[PDB]
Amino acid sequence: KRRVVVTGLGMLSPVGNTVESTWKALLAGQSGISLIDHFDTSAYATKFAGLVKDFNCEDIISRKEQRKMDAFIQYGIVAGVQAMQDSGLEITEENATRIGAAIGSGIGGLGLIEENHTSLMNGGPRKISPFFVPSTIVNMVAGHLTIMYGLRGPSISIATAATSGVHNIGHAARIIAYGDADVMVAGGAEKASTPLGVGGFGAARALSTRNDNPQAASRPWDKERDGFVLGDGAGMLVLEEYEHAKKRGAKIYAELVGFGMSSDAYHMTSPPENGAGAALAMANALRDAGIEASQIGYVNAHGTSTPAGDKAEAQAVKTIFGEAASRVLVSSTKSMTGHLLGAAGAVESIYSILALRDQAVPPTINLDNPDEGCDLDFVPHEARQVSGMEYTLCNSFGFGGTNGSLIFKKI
């Protein structure tokens, strides 16, 4: 039976352009939310987001290649290179066939979709860029990274809205465990802070409109919450079969032990009050890992800061953890980072892993006045020191009622 471990990490987020800088900022409760300045937000109900500050790909992507990629792909590539470098893995003719990728995005290249469509409206199809398709489609991060590293193994890209990051990581692990690969770079990337992204999610009445205090906007489980805050970035993990990792002397961050999936079968853009779908996904991951709920020390929640979404997950956690419900720590790092959509489950899996390494759990900031009758410990305001934590669980749910949960185990 093939075990899967994590041997490399890469990340760009609204609170940092590296894995360690991001983690340090989160443990310090720092918000990465600010006013948007790259497009005129005068007519927009929401005028802020979690932006990647000073993104730099100068020594990573050539000038000729950059022009063929939407920002989401550039972010995904940079984070993937960080992960591959961190892993110390060396690609050879002999193992190239055994290394692949599972990397997705929820919405893909909105920026270049807008640019190409604007061009078409203004001057006809002759003005569409030859790069339109490959610069926008969701699977292009995987495409570029395999070419860059000479990876010939399986490559897939799961696009399940906010569940993407978790599904790609989960299936990369399945692929390795099944025997189709020994290593996979997996994760997600997103850059939806554009007119269509902000305007689109705004049209759905899904975003916080707290323009007067952007850093206090994302407040999961707080009574004054009014929708999610969009965040940009990318998270990538190098997953690897255990004996393969040991043989080459890899550094091992944690083990990936459980992966659960479910569907709400309720409504396209809202969960059932019950949180039955969320619960089933967590139950499935626990069964996959062969452990009980009481063994989980921390749950990095989906917790987007929407009125109904946050309540359903709290109900789901209560259902699954029962008597232990008050003893597990639960936090939503989206309180600081915003919602990275297709990259959310990827960066949040990284947070779940580092929590095991450092035995420290990041807080749900802004939780000033929690919804009434719920006795869960949402790690409000300040990071928490933990002691003999062996397992963490990461939840990611998505439009369409698609759910996913991953469980990581220390060492």
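Residue positions are given as counts along the sequence shown, with the first one as 1.
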TODO: Using the B-factors recorded in the PDB entry, average over the C-alpha atoms of 289 to 297 and of 137 to 145, then report which stretch comes out higher.
DONE: 289 to 297
TODO: May I ask you to compare 371 to 379 and 342 to 350 by their mean CA B factor in the entry and name the higher one?
DONE: 371 to 379
Task: Selection from 190, 114, 313, 243 [criterion: highest C-alpha temperature factor in the record] - done: 243
Task: Maximum C-alpha temperature factor, selected from 320, 234, 169, 73 - done: 320
TODO: Consider only the C-alpha atoms of the modelled residues in this chain, order them by B-factor as the entry records it, and name the third containing residue 411: lowest, middle or highest.
DONE: highest
Task: For residue 104, the third of its chain into which the C-alpha B factor falls - done: lowest
TODO: Using the B-factors in the PDB entry, rank residue 327's C-alpha atom against the chain and give the third, lowest, middle or highest.
DONE: highest
- [ ] Quick one: classify residue 402 as lowest, middle or highest third of the chain based on its Cα B-factor.
- [x] lowest
Open item on the list: Please say which third, lowest, middle or highest, residue 304 falls into when its CA temperature factor is compared across its chain.
Closed with: lowest
